[PDB]
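A.B. asks: The following file, protein_33.pdb, comprises PDB, C-alpha atoms (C1' of nucleotides) and all ligand atoms:
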```
MODEL        1
ATOM      1  CA  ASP I   5       8.941  23.739 -21.613  1.00  0.00           C
ATOM      2  CA  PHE I   6       8.491  19.957 -21.786  1.00  0.00           C
ATOM      3  CA  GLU I   7      10.497  17.387 -19.831  1.00  0.00           C
ATOM      4  CA  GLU I   8      11.097  14.005 -21.468  1.00  0.00           C
ATOM      5  CA  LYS I   9      12.160  10.778 -19.748  1.00  0.00           C
ATOM      6  CA  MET I  10      12.328   7.246 -21.140  1.00  0.00           C
ATOM      7  CA  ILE I  11      10.747   4.394 -19.189  1.00  0.00           C
ATOM      8  CA  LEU I  12      12.474   1.398 -20.777  1.00  0.00           C
ATOM      9  CA  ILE I  13      14.277   0.486 -23.992  1.00  0.00           C
ATOM     10  CA  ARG I  14      14.097  -3.061 -25.352  1.00  0.00           C
ATOM     11  CA  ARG I  15      15.395  -4.896 -28.417  1.00  0.00           C
ATOM     12  CA  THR I  16      12.982  -7.312 -30.097  1.00  0.00           C
ATOM     13  CA  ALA I  17      13.908  -9.824 -32.787  1.00  0.00           C
ATOM     14  CA  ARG I  18      12.092 -11.225 -35.813  1.00  0.00           C
ATOM     15  CA  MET I  19      13.269 -14.351 -37.609  1.00  0.00           C
ATOM     16  CA  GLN I  20      14.256 -14.298 -41.284  1.00  0.00           C
ATOM     17  CA  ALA I  21      16.055 -16.724 -43.578  1.00  0.00           C
ATOM     18  CA  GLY I  22      19.670 -16.195 -42.473  1.00  0.00           C
ATOM     19  CA  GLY I  23      19.151 -15.207 -38.848  1.00  0.00           C
ATOM     20  CA  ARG I  24      17.381 -12.827 -36.512  1.00  0.00           C
ATOM     21  CA  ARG I  25      16.848  -9.130 -37.243  1.00  0.00           C
ATOM     22  CA  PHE I  26      16.474  -6.643 -34.411  1.00  0.00           C
ATOM     23  CA  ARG I  27      14.077  -3.747 -33.876  1.00  0.00           C
ATOM     24  CA  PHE I  28      14.242  -1.410 -30.886  1.00  0.00           C
ATOM     25  CA  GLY I  29      11.225  -0.236 -28.912  1.00  0.00           C
ATOM     26  CA  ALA I  30      11.189   2.510 -26.311  1.00  0.00           C
ATOM     27  CA  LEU I  31       8.695   4.056 -23.900  1.00  0.00           C
ATOM     28  CA  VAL I  32       8.874   7.817 -23.334  1.00  0.00           C
ATOM     29  CA  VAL I  33       6.893  10.083 -20.998  1.00  0.00           C
ATOM     30  CA  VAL I  34       6.665  13.844 -21.534  1.00  0.00           C
ATOM     31  CA  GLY I  35       5.349  16.291 -18.962  1.00  0.00           C
ATOM     32  CA  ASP I  36       5.301  19.945 -17.979  1.00  0.00           C
ATOM     33  CA  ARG I  37       4.815  19.105 -14.264  1.00  0.00           C
ATOM     34  CA  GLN I  38       1.771  21.412 -14.385  1.00  0.00           C
ATOM     35  CA  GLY I  39      -0.967  18.809 -14.897  1.00  0.00           C
ATOM     36  CA  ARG I  40      -0.301  17.546 -18.425  1.00  0.00           C
ATOM     37  CA  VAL I  41       1.341  14.203 -19.227  1.00  0.00           C
ATOM     38  CA  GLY I  42       1.953  12.150 -22.342  1.00  0.00           C
ATOM     39  CA  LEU I  43       2.961   8.534 -22.985  1.00  0.00           C
ATOM     40  CA  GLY I  44       4.478   7.167 -26.178  1.00  0.00           C
ATOM     41  CA  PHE I  45       5.866   3.843 -27.421  1.00  0.00           C
ATOM     42  CA  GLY I  46       8.140   4.116 -30.457  1.00  0.00           C
ATOM     43  CA  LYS I  47       9.689   1.348 -32.548  1.00  0.00           C
ATOM     44  CA  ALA I  48      12.562   1.849 -34.983  1.00  0.00           C
ATOM     45  CA  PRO I  49      15.526  -0.138 -36.359  1.00  0.00           C
ATOM     46  CA  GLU I  50      17.849   1.941 -34.141  1.00  0.00           C
ATOM     47  CA  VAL I  51      17.603   3.219 -30.564  1.00  0.00           C
ATOM     48  CA  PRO I  52      17.785   7.032 -31.083  1.00  0.00           C
ATOM     49  CA  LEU I  53      15.137   6.954 -33.809  1.00  0.00           C
ATOM     50  CA  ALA I  54      12.937   4.878 -31.497  1.00  0.00           C
ATOM     51  CA  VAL I  55      13.389   7.376 -28.655  1.00  0.00           C
ATOM     52  CA  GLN I  56      12.548  10.315 -30.936  1.00  0.00           C
ATOM     53  CA  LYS I  57       9.491   8.525 -32.339  1.00  0.00           C
ATOM     54  CA  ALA I  58       8.312   7.648 -28.829  1.00  0.00           C
ATOM     55  CA  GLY I  59       8.698  11.299 -27.858  1.00  0.00           C
ATOM     56  CA  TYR I  60       6.585  12.366 -30.834  1.00  0.00           C
ATOM     57  CA  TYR I  61       3.882   9.799 -30.038  1.00  0.00           C
ATOM     58  CA  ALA I  62       3.936  10.848 -26.374  1.00  0.00           C
ATOM     59  CA  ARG I  63       3.489  14.517 -27.246  1.00  0.00           C
ATOM     60  CA  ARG I  64       0.612  13.464 -29.514  1.00  0.00           C
ATOM     61  CA  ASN I  65      -1.218  11.568 -26.717  1.00  0.00           C
ATOM     62  CA  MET I  66      -1.714  13.980 -23.809  1.00  0.00           C
ATOM     63  CA  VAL I  67      -3.699  13.706 -20.576  1.00  0.00           C
ATOM     64  CA  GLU I  68      -4.868  16.572 -18.355  1.00  0.00           C
ATOM     65  CA  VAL I  69      -4.418  15.623 -14.686  1.00  0.00           C
ATOM     66  CA  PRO I  70      -6.551  17.410 -12.020  1.00  0.00           C
ATOM     67  CA  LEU I  71      -3.916  18.023  -9.359  1.00  0.00           C
ATOM     68  CA  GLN I  72      -5.160  19.117  -5.917  1.00  0.00           C
ATOM     69  CA  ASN I  73      -2.207  20.417  -3.863  1.00  0.00           C
ATOM     70  CA  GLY I  74       0.357  18.159  -5.502  1.00  0.00           C
ATOM     71  CA  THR I  75      -1.718  15.002  -4.953  1.00  0.00           C
ATOM     72  CA  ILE I  76      -4.614  13.163  -6.606  1.00  0.00           C
ATOM     73  CA  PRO I  77      -8.308  14.017  -5.999  1.00  0.00           C
ATOM     74  CA  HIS I  78      -9.483  10.454  -5.333  1.00  0.00           C
ATOM     75  CA  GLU I  79      -8.150   6.906  -5.197  1.00  0.00           C
ATOM     76  CA  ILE I  80      -8.309   5.001  -8.489  1.00  0.00           C
ATOM     77  CA  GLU I  81      -7.885   1.380  -9.561  1.00  0.00           C
ATOM     78  CA  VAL I  82      -7.366   0.455 -13.220  1.00  0.00           C
ATOM     79  CA  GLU I  83      -7.045  -2.955 -14.895  1.00  0.00           C
ATOM     80  CA  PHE I  84      -5.189  -2.837 -18.222  1.00  0.00           C
ATOM     81  CA  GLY I  85      -4.957  -6.401 -19.469  1.00  0.00           C
ATOM     82  CA  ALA I  86      -3.624  -8.350 -16.499  1.00  0.00           C
ATOM     83  CA  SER I  87      -1.810  -5.344 -14.988  1.00  0.00           C
ATOM     84  CA  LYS I  88      -3.561  -3.515 -12.151  1.00  0.00           C
ATOM     85  CA  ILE I  89      -2.630  -0.042 -10.923  1.00  0.00           C
ATOM     86  CA  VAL I  90      -3.835   1.337  -7.585  1.00  0.00           C
ATOM     87  CA  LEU I  91      -3.498   5.063  -6.871  1.00  0.00           C
ATOM     88  CA  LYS I  92      -4.341   6.868  -3.644  1.00  0.00           C
ATOM     89  CA  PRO I  93      -3.893  10.517  -2.606  1.00  0.00           C
ATOM     90  CA  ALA I  94      -1.420  11.399   0.125  1.00  0.00           C
ATOM     91  CA  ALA I  95      -0.792  14.357   2.397  1.00  0.00           C
ATOM     92  CA  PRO I  96       2.170  16.627   1.570  1.00  0.00           C
ATOM     93  CA  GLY I  97       5.544  15.584   2.900  1.00  0.00           C
ATOM     94  CA  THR I  98       4.883  11.975   1.847  1.00  0.00           C
ATOM     95  CA  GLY I  99       6.534  11.867  -1.577  1.00  0.00           C
ATOM     96  CA  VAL I 100       5.762   9.754  -4.624  1.00  0.00           C
ATOM     97  CA  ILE I 101       5.881   6.067  -3.653  1.00  0.00           C
ATOM     98  CA  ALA I 102       5.625   3.983  -6.822  1.00  0.00           C
ATOM     99  CA  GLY I 103       7.451   1.672  -9.168  1.00  0.00           C
ATOM    100  CA  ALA I 104       9.798   3.140 -11.752  1.00  0.00           C
ATOM    101  CA  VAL I 105       7.154   3.486 -14.493  1.00  0.00           C
ATOM    102  CA  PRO I 106       4.358   5.074 -12.395  1.00  0.00           C
ATOM    103  CA  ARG I 107       6.851   7.217 -10.466  1.00  0.00           C
ATOM    104  CA  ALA I 108       8.174   8.668 -13.724  1.00  0.00           C
ATOM    105  CA  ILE I 109       4.690   9.174 -15.184  1.00  0.00           C
ATOM    106  CA  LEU I 110       3.374  10.892 -12.048  1.00  0.00           C
ATOM    107  CA  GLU I 111       6.491  13.017 -11.506  1.00  0.00           C
ATOM    108  CA  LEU I 112       6.239  14.356 -15.049  1.00  0.00           C
ATOM    109  CA  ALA I 113       2.542  15.051 -14.384  1.00  0.00           C
ATOM    110  CA  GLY I 114       3.404  17.319 -11.447  1.00  0.00           C
ATOM    111  CA  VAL I 115       2.466  14.978  -8.593  1.00  0.00           C
ATOM    112  CA  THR I 116       4.481  15.391  -5.395  1.00  0.00           C
ATOM    113  CA  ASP I 117       2.805  13.026  -2.888  1.00  0.00           C
ATOM    114  CA  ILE I 118       0.865   9.879  -3.814  1.00  0.00           C
ATOM    115  CA  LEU I 119       0.654   6.193  -2.862  1.00  0.00           C
ATOM    116  CA  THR I 120       0.578   3.542  -5.585  1.00  0.00           C
ATOM    117  CA  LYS I 121       0.671  -0.224  -5.981  1.00  0.00           C
ATOM    118  CA  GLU I 122       1.209  -2.481  -8.999  1.00  0.00           C
ATOM    119  CA  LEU I 123      -0.755  -5.744  -8.978  1.00  0.00           C
ATOM    120  CA  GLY I 124      -1.080  -8.741 -11.253  1.00  0.00           C
ATOM    121  CA  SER I 125       1.211  -8.397 -14.245  1.00  0.00           C
ATOM    122  CA  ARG I 126       4.252  -6.186 -13.621  1.00  0.00           C
ATOM    123  CA  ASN I 127       4.687  -5.523 -17.356  1.00  0.00           C
ATOM    124  CA  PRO I 128       6.009  -1.942 -17.715  1.00  0.00           C
ATOM    125  CA  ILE I 129       4.025  -1.279 -20.909  1.00  0.00           C
ATOM    126  CA  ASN I 130       0.714  -2.425 -19.431  1.00  0.00           C
ATOM    127  CA  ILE I 131       1.467  -0.684 -16.121  1.00  0.00           C
ATOM    128  CA  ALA I 132       2.152   2.550 -18.013  1.00  0.00           C
ATOM    129  CA  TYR I 133      -1.079   2.239 -19.997  1.00  0.00           C
ATOM    130  CA  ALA I 134      -3.006   1.498 -16.792  1.00  0.00           C
ATOM    131  CA  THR I 135      -1.517   4.568 -15.095  1.00  0.00           C
ATOM    132  CA  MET I 136      -2.425   6.696 -18.121  1.00  0.00           C
ATOM    133  CA  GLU I 137      -6.014   5.419 -18.076  1.00  0.00           C
ATOM    134  CA  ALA I 138      -6.100   6.051 -14.320  1.00  0.00           C
ATOM    135  CA  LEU I 139      -5.063   9.679 -14.781  1.00  0.00           C
ATOM    136  CA  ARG I 140      -7.628   9.856 -17.598  1.00  0.00           C
ATOM    137  CA  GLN I 141     -10.436   8.559 -15.344  1.00  0.00           C
ATOM    138  CA  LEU I 142      -9.778  11.251 -12.724  1.00  0.00           C
ATOM    139  CA  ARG I 143     -12.710  13.517 -11.862  1.00  0.00           C
ATOM    140  CA  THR I 144     -12.825  16.675  -9.763  1.00  0.00           C
ATOM    141  CA  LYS I 145     -15.662  17.716  -7.466  1.00  0.00           C
ATOM    142  CA  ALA I 146     -16.529  20.366 -10.056  1.00  0.00           C
ATOM    143  CA  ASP I 147     -16.790  17.674 -12.738  1.00  0.00           C
ATOM    144  CA  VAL I 148     -18.910  15.499 -10.436  1.00  0.00           C
ATOM    145  CA  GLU I 149     -21.435  18.235  -9.663  1.00  0.00           C
ATOM    146  CA  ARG I 150     -21.337  19.184 -13.355  1.00  0.00           C
ATOM    147  CA  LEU I 151     -22.455  15.680 -14.338  1.00  0.00           C
ATOM    148  CA  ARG I 152     -25.309  15.803 -11.788  1.00  0.00           C
ATOM    149  CA  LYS I 153     -26.798  19.194 -12.722  1.00  0.00           C
ATOM    150  CA  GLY I 154     -29.927  17.880 -14.437  1.00  0.00           C
TER     151      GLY I 154
ATOM    152  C1'   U D   1       0.090  10.551   7.883  1.00  0.00           C
ATOM    153  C1'   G D   2      -0.288   5.012   4.824  1.00  0.00           C
ATOM    154  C1'   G D   3       1.144   0.792   0.255  1.00  0.00           C
ATOM    155  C1'   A D   4       8.005   1.138  -4.878  1.00  0.00           C
ATOM    156  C1'   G D   5       9.732  -3.496  -6.954  1.00  0.00           C
ATOM    157  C1'   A D   6      13.512  -6.351  -9.694  1.00  0.00           C
ATOM    158  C1'   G D   7      16.032 -11.030 -12.062  1.00  0.00           C
ATOM    159  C1'   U D   8      14.593 -15.519 -14.297  1.00  0.00           C
ATOM    160  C1'   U D   9      10.794 -20.327 -19.261  1.00  0.00           C
ATOM    161  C1'   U D  10      11.209 -17.475 -25.591  1.00  0.00           C
ATOM    162  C1'   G D  11      14.694 -16.254 -31.610  1.00  0.00           C
ATOM    163  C1'   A D  12      11.225 -12.286 -29.941  1.00  0.00           C
ATOM    164  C1'   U D  13       5.976 -11.464 -27.381  1.00  0.00           C
ATOM    165  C1'   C D  14       1.807 -11.591 -23.983  1.00  0.00           C
ATOM    166  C1'   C D  15      -0.043 -14.499 -19.929  1.00  0.00           C
ATOM    167  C1'   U D  16       0.014 -18.167 -16.203  1.00  0.00           C
ATOM    168  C1'   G D  17       3.523 -19.861 -12.709  1.00  0.00           C
ATOM    169  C1'   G D  18       7.235 -21.120  -9.298  1.00  0.00           C
ATOM    170  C1'   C D  19      12.217 -19.949  -7.671  1.00  0.00           C
ATOM    171  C1'   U D  20      15.544 -15.923  -6.133  1.00  0.00           C
ATOM    172  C1'   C D  21      16.993 -10.941  -4.509  1.00  0.00           C
ATOM    173  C1'   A D  22      16.710  -5.714  -2.350  1.00  0.00           C
ATOM    174  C1'   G D  23      13.797  -4.544   3.742  1.00  0.00           C
ATOM    175  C1'   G D  24      13.186  -5.207   8.959  1.00  0.00           C
ATOM    176  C1'   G D  25      14.045  -8.405  13.111  1.00  0.00           C
ATOM    177  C1'   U D  26      17.247 -12.171  16.869  1.00  0.00           C
ATOM    178  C1'   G D  27      18.503 -14.737  24.141  1.00  0.00           C
ATOM    179  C1'   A D  28      22.131 -15.805  18.153  1.00  0.00           C
ATOM    180  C1'   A D  29      26.430 -18.593  16.543  1.00  0.00           C
ATOM    181  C1'   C D  30      30.827 -18.716  12.993  1.00  0.00           C
ATOM    182  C1'   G D  31      35.026 -16.113   9.980  1.00  0.00           C
ATOM    183  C1'   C D  32      38.293 -11.723   9.608  1.00  0.00           C
ATOM    184  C1'   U D  33      39.107  -7.506  12.656  1.00  0.00           C
ATOM    185  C1'   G D  34      38.822  -5.275  17.300  1.00  0.00           C
ATOM    186  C1'   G D  35      40.088   1.389  21.089  1.00  0.00           C
ATOM    187  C1'   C D  36      36.861   3.757  25.359  1.00  0.00           C
ATOM    188  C1'   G D  37      32.318   4.436  28.232  1.00  0.00           C
ATOM    189  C1'   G D  38      26.980   4.137  29.707  1.00  0.00           C
ATOM    190  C1'   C D  39      22.641   1.152  29.745  1.00  0.00           C
ATOM    191  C1'   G D  40      20.695  -3.551  28.723  1.00  0.00           C
ATOM    192  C1'   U D  41      21.537  -8.677  28.008  1.00  0.00           C
ATOM    193  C1'   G D  42      23.795 -13.650  28.239  1.00  0.00           C
ATOM    194  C1'   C D  43      22.400 -23.046  28.635  1.00  0.00           C
ATOM    195  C1'   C D  44      17.479 -21.704  23.094  1.00  0.00           C
ATOM    196  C1'   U D  45      20.705 -28.420  23.832  1.00  0.00           C
ATOM    197  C1'   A D  46      20.568 -33.166  28.662  1.00  0.00           C
ATOM    198  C1'   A D  47      13.548 -31.026  33.269  1.00  0.00           C
ATOM    199  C1'   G D  48      21.266 -34.766  32.015  1.00  0.00           C
ATOM    200  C1'   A D  49      24.650 -35.757  36.371  1.00  0.00           C
ATOM    201  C1'   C D  50      26.642 -32.625  40.361  1.00  0.00           C
ATOM    202  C1'   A D  51      32.242 -31.719  44.413  1.00  0.00           C
ATOM    203  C1'   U D  52      32.339 -27.401  47.413  1.00  0.00           C
ATOM    204  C1'   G D  53      30.632 -22.786  50.048  1.00  0.00           C
ATOM    205  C1'   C D  54      26.439 -19.769  50.999  1.00  0.00           C
ATOM    206  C1'   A D  55      21.064 -19.532  49.861  1.00  0.00           C
ATOM    207  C1'   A D  56      15.680 -19.843  56.478  1.00  0.00           C
ATOM    208  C1'   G D  57      15.281 -18.309  60.258  1.00  0.00           C
ATOM    209  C1'   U D  58      14.025 -15.492  64.480  1.00  0.00           C
ATOM    210  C1'   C D  59      12.129 -14.304  69.677  1.00  0.00           C
ATOM    211  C1'   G D  60      15.649 -14.613  77.234  1.00  0.00           C
ATOM    212  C1'   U D  61       9.652  -9.046  76.909  1.00  0.00           C
ATOM    213  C1'   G D  62       6.533 -17.173  76.587  1.00  0.00           C
ATOM    214  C1'   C D  63       9.294 -21.533  79.959  1.00  0.00           C
ATOM    215  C1'   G D  64      12.573 -24.676  82.726  1.00  0.00           C
ATOM    216  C1'   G D  65      17.471 -26.320  82.306  1.00  0.00           C
ATOM    217  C1'   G D  66      22.907 -28.328  80.992  1.00  0.00           C
ATOM    218  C1'   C D  67      28.200 -26.817  80.618  1.00  0.00           C
ATOM    219  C1'   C D  68      32.100 -23.149  81.676  1.00  0.00           C
ATOM    220  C1'   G D  69      33.163 -18.696  84.878  1.00  0.00           C
ATOM    221  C1'   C D  70      32.646 -14.758  88.437  1.00  0.00           C
ATOM    222  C1'   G D  71      30.439 -12.107  92.613  1.00  0.00           C
ATOM    223  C1'   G D  72      27.496 -11.879  97.191  1.00  0.00           C
ATOM    224  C1'   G D  73      24.952 -14.807 101.225  1.00  0.00           C
ATOM    225  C1'   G D  74      23.180 -19.154 105.576  1.00  0.00           C
ATOM    226  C1'   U D  75      28.263 -21.675 108.609  1.00  0.00           C
ATOM    227  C1'   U D  76      33.881 -20.619 113.371  1.00  0.00           C
TER     228        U D  76
HETATM  229  K     K I 201     -10.800  -3.990 -17.844  1.00  0.00           K
HETATM  230  K     K I 202      12.949 -10.582 -21.000  1.00  0.00           K
HETATM  231 MG    MG I 203      -9.562  16.170 -16.386  1.00  0.00          MG
HETATM  232 MG    MG I 204      -7.248 -10.459 -15.537  1.00  0.00          MG
HETATM  233 MG    MG I 205       1.876 -12.987 -11.505  1.00  0.00          MG
HETATM  234 MG    MG I 206      -6.711   9.799   6.297  1.00  0.00          MG
HETATM  235 MG    MG I 207      -7.455  13.278   8.027  1.00  0.00          MG
HETATM  236 MG    MG I 208       7.655 -13.319 -11.672  1.00  0.00          MG
HETATM  237 MG    MG I 209       8.489 -23.214 -23.740  1.00  0.00          MG
HETATM  238 MG    MG I 210      17.510 -17.998 -23.934  1.00  0.00          MG
HETATM  239 MG    MG I 211       7.990 -20.096 -30.835  1.00  0.00          MG
HETATM  240 MG    MG I 212      17.003 -10.672   5.255  1.00  0.00          MG
HETATM  241 MG    MG I 213      18.273  -9.344   6.992  1.00  0.00          MG
HETATM  242 MG    MG I 214      40.753 -12.283  18.211  1.00  0.00          MG
HETATM  243 MG    MG I 215      35.866 -12.610  17.822  1.00  0.00          MG
HETATM  244 MG    MG I 216      28.112  -3.717  31.114  1.00  0.00          MG
HETATM  245 MG    MG I 217      24.865  -9.148  34.998  1.00  0.00          MG
HETATM  246 MG    MG I 218      17.060 -25.802  29.268  1.00  0.00          MG
HETATM  247 MG    MG I 219      13.789 -19.413  21.247  1.00  0.00          MG
HETATM  248 MG    MG I 220       6.135 -11.182  73.438  1.00  0.00          MG
HETATM  249 MG    MG I 221      21.892 -20.515  80.963  1.00  0.00          MG
HETATM  250 MG    MG I 222      30.498 -18.960  94.736  1.00  0.00          MG
ENDMDL
END
```
Once you've parsed the file, please lay out its structure as structure tokens.
Ligand SMILES: [K+]
Ligand SMILES: [K+]
Ligand SMILES: [Mg+2]
Ligand SMILES: [Mg+2]
Ligand SMILES: [Mg+2]
Ligand SMILES: [Mg+2]
Ligand SMILES: [Mg+2]
Ligand SMILES: [Mg+2]
Ligand SMILES: [Mg+2]
Ligand SMILES: [Mg+2]
Ligand SMILES: [Mg+2]
Ligand SMILES: [Mg+2]
Ligand SMILES: [Mg+2]
Ligand SMILES: [Mg+2]
Ligand SMILES: [Mg+2]
Ligand SMILES: [Mg+2]
Ligand SMILES: [Mg+2]
Ligand SMILES: [Mg+2]
Ligand SMILES: [Mg+2]
Ligand SMILES: [Mg+2]
Ligand SMILES: [Mg+2]
Ligand SMILES: [Mg+2]
C.D. replies:
Amino acid sequence: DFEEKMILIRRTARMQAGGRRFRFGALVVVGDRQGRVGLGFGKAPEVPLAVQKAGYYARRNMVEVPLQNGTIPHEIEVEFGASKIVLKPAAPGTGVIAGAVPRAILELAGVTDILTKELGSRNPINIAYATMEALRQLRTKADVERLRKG
RNA sequence: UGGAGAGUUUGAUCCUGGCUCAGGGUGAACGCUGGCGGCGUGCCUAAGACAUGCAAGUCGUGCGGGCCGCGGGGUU
């Protein structure tokens, strides 16, 4: 019912009297490939707990994507921190052309053909957040004419 | 009908930032190896120096001759 894929898993370290102590963080995307996505970043002393916590947080933070024949309705451009994401719709038969993070996020959203570009900072966390905000700032023609009813 | 990034400054982080890699290309060369054919291509350097052969001539339907040879005439 819900597909789950991890973006990256890292081990951070805090200093304490005696040495360094490690804590694992993990990004996880969840999607039904029908138009709903979810991104989560979980931290835990061990890797499996971090993955499970990231899955929970991802399922808690969902985004409804307005797919239009497997692609996006309009080109977007989002700056999250120093990381820029550029999305652009593509005709079918093109495929998803993106970095690892945006490819995973868009594939779990149900996108089949899209053109992307990462600019500025290539940080996977910030790129993921920028892609999520990009999918969140998507508007359909129905939404546009709904905002201009008056 | 068109756009993917990654490694690397830190104990860990974010940023700035350079370096490097994955791609495509060549009138290429070098190493190891090397079976066939078709089509292309082959002094990028000394516009340095060149043996040798060929590469620009052709018209007797423009004209008069030389040399070699033959035939027929004027003459017993
Ligand atoms: K901003
Ligand atoms: K690192
Ligand atoms: Mg929406
Ligand atoms: Mg900025
Ligand atoms: Mg940069
Ligand atoms: Mg177009
Ligand atoms: Mg068109
Ligand atoms: Mg860099
Ligand atoms: Mg320093
Ligand atoms: Mg170090
Ligand atoms: Mg420090
Ligand atoms: Mg190359
Ligand atoms: Mg190459
Ligand atoms: Mg040989
Ligand atoms: Mg050879
Ligand atoms: Mg040949
Ligand atoms: Mg030849
Ligand atoms: Mg030359
Ligand atoms: Mg050249
Ligand atoms: Mg004439
Ligand atoms: Mg003569
Ligand atoms: Mg005679």
A.B. asks: As a quick test: using only C-alpha atoms (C1' of nucleotides) and all ligand atoms, which residues lie no more than 10 Å away from ligand MG 204 (chain I)? Give them as a ChimeraX atom specification.
C.D. replies: /I:83-88,124-125 /D:15
A.B. asks: Per residue of chain D within 7 Å of chain I, what are the shortest atom pair and its distance in Å to one decimal, counting all atoms listed in the file, with rows by chain and residue number, as a Markdown table?
C.D. replies:
```
| residue | atom | partner | partner_atom | distance |
| --- | --- | --- | --- | --- |
| D:1 | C1' | I:95 | CA | 6.7 |
| D:3 | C1' | I:119 | CA | 6.3 |
| D:4 | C1' | I:102 | CA | 4.2 |
| D:5 | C1' | I:103 | CA | 6.1 |
| D:11 | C1' | I:19 | CA | 6.5 |
| D:12 | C1' | I:17 | CA | 4.6 |
```
A.B. asks: Put those residues in a file: C-alpha atoms (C1' of nucleotides), as a PDB file, keeping the file's coordinate frame.
C.D. replies:
```pdb
ATOM      1  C1'   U D   1       0.090  10.551   7.883  1.00  0.00           C
ATOM      2  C1'   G D   3       1.144   0.792   0.255  1.00  0.00           C
ATOM      3  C1'   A D   4       8.005   1.138  -4.878  1.00  0.00           C
ATOM      4  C1'   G D   5       9.732  -3.496  -6.954  1.00  0.00           C
ATOM      5  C1'   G D  11      14.694 -16.254 -31.610  1.00  0.00           C
ATOM      6  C1'   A D  12      11.225 -12.286 -29.941  1.00  0.00           C
TER       7        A D  12
END
```
A.B. asks: Residues within 10 Å of ligand MG 222 (chain I) (all atoms listed in the file), as a PDB file with C-alpha atoms (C1' of nucleotides), in the coordinates of the input?
C.D. replies:
```pdb
ATOM      1  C1'   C D  70      32.646 -14.758  88.437  1.00  0.00           C
ATOM      2  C1'   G D  71      30.439 -12.107  92.613  1.00  0.00           C
ATOM      3  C1'   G D  72      27.496 -11.879  97.191  1.00  0.00           C
ATOM      4  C1'   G D  73      24.952 -14.807 101.225  1.00  0.00           C
TER       5        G D  73
END
```
A.B. asks: Which residues are near ligand MG 218 (chain I) in this structure, taking near to mean any atom at most 8 Å from a ligand atom and counting only C-alpha atoms (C1' of nucleotides) and all ligand atoms? Format them as a PDB file with C-alpha atoms (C1' of nucleotides), keeping the file's coordinate frame.
C.D. replies:
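This went into selection_4.pdb:
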```
ATOM      1  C1'   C D  43      22.400 -23.046  28.635  1.00  0.00           C
ATOM      2  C1'   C D  44      17.479 -21.704  23.094  1.00  0.00           C
ATOM      3  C1'   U D  45      20.705 -28.420  23.832  1.00  0.00           C
ATOM      4  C1'   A D  47      13.548 -31.026  33.269  1.00  0.00           C
TER       5        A D  47
END
```
A.B. asks: Quote the spacing between atom CA of residue I:64 and atom CA of residue I:31 in Å to one decimal place.
C.D. replies: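 These atoms are spaced 13.6 Å apart.
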A.B. asks: Residues within 9 Å of ligand MG 220 (chain I), counting all atoms listed in the file: report them as a PDB file with C-alpha atoms (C1' of nucleotides), in the coordinates of the input.
C.D. replies:
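Wrote it out as part_8.pdb, contents follow:
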```pdb
ATOM      1  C1'   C D  59      12.129 -14.304  69.677  1.00  0.00           C
ATOM      2  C1'   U D  61       9.652  -9.046  76.909  1.00  0.00           C
ATOM      3  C1'   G D  62       6.533 -17.173  76.587  1.00  0.00           C
TER       4        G D  62
END
```
A.B. asks: Which residues are near ligand MG 214 (chain I) in this structure, taking near to mean any atom at most 10 Å from a ligand atom and counting only C-alpha atoms (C1' of nucleotides) and all ligand atoms? Format them as a VMD selection string.
C.D. replies: chain D and resid 32 to 34
A.B. asks: I need the output of the PyMOL selection byres (((chain I and resi 67) around 8) and not hetatm) for this file as a list in words; which residues are they?
C.D. replies: residues 40, 41, 42, 65, 66, 68, 69, 136, 139 and 140 of chain I
A.B. asks: Go ahead and save the picked residues with C-alpha atoms, as an mmCIF file, in the frame of the given file.
C.D. replies:
```cif
data_model
loop_
_atom_site.group_PDB
_atom_site.id
_atom_site.type_symbol
_atom_site.label_atom_id
_atom_site.label_comp_id
_atom_site.auth_asym_id
_atom_site.auth_seq_id
_atom_site.Cartn_x
_atom_site.Cartn_y
_atom_site.Cartn_z
ATOM 1 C CA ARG I 40 -0.301 17.546 -18.425
ATOM 2 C CA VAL I 41 1.341 14.203 -19.227
ATOM 3 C CA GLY I 42 1.953 12.150 -22.342
ATOM 4 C CA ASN I 65 -1.218 11.568 -26.717
ATOM 5 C CA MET I 66 -1.714 13.980 -23.809
ATOM 6 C CA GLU I 68 -4.868 16.572 -18.355
ATOM 7 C CA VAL I 69 -4.418 15.623 -14.686
ATOM 8 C CA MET I 136 -2.425 6.696 -18.121
ATOM 9 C CA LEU I 139 -5.063 9.679 -14.781
ATOM 10 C CA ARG I 140 -7.628 9.856 -17.598
#
```
A.B. asks: Which residues, written as a PDB file with C-alpha atoms, in the frame of the given file, have at least one atom at most 10 Å from residue I:142, with only C-alpha atoms (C1' of nucleotides) counted and residues fewer than 4 positions away on the same chain left out?
C.D. replies:
```
ATOM      1  CA  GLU I  68      -4.868  16.572 -18.355  1.00  0.00           C
ATOM      2  CA  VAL I  69      -4.418  15.623 -14.686  1.00  0.00           C
ATOM      3  CA  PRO I  70      -6.551  17.410 -12.020  1.00  0.00           C
ATOM      4  CA  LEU I  71      -3.916  18.023  -9.359  1.00  0.00           C
ATOM      5  CA  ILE I  76      -4.614  13.163  -6.606  1.00  0.00           C
ATOM      6  CA  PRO I  77      -8.308  14.017  -5.999  1.00  0.00           C
ATOM      7  CA  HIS I  78      -9.483  10.454  -5.333  1.00  0.00           C
ATOM      8  CA  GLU I  79      -8.150   6.906  -5.197  1.00  0.00           C
ATOM      9  CA  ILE I  80      -8.309   5.001  -8.489  1.00  0.00           C
ATOM     10  CA  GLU I 137      -6.014   5.419 -18.076  1.00  0.00           C
ATOM     11  CA  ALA I 138      -6.100   6.051 -14.320  1.00  0.00           C
ATOM     12  CA  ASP I 147     -16.790  17.674 -12.738  1.00  0.00           C
TER      13      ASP I 147
END
```
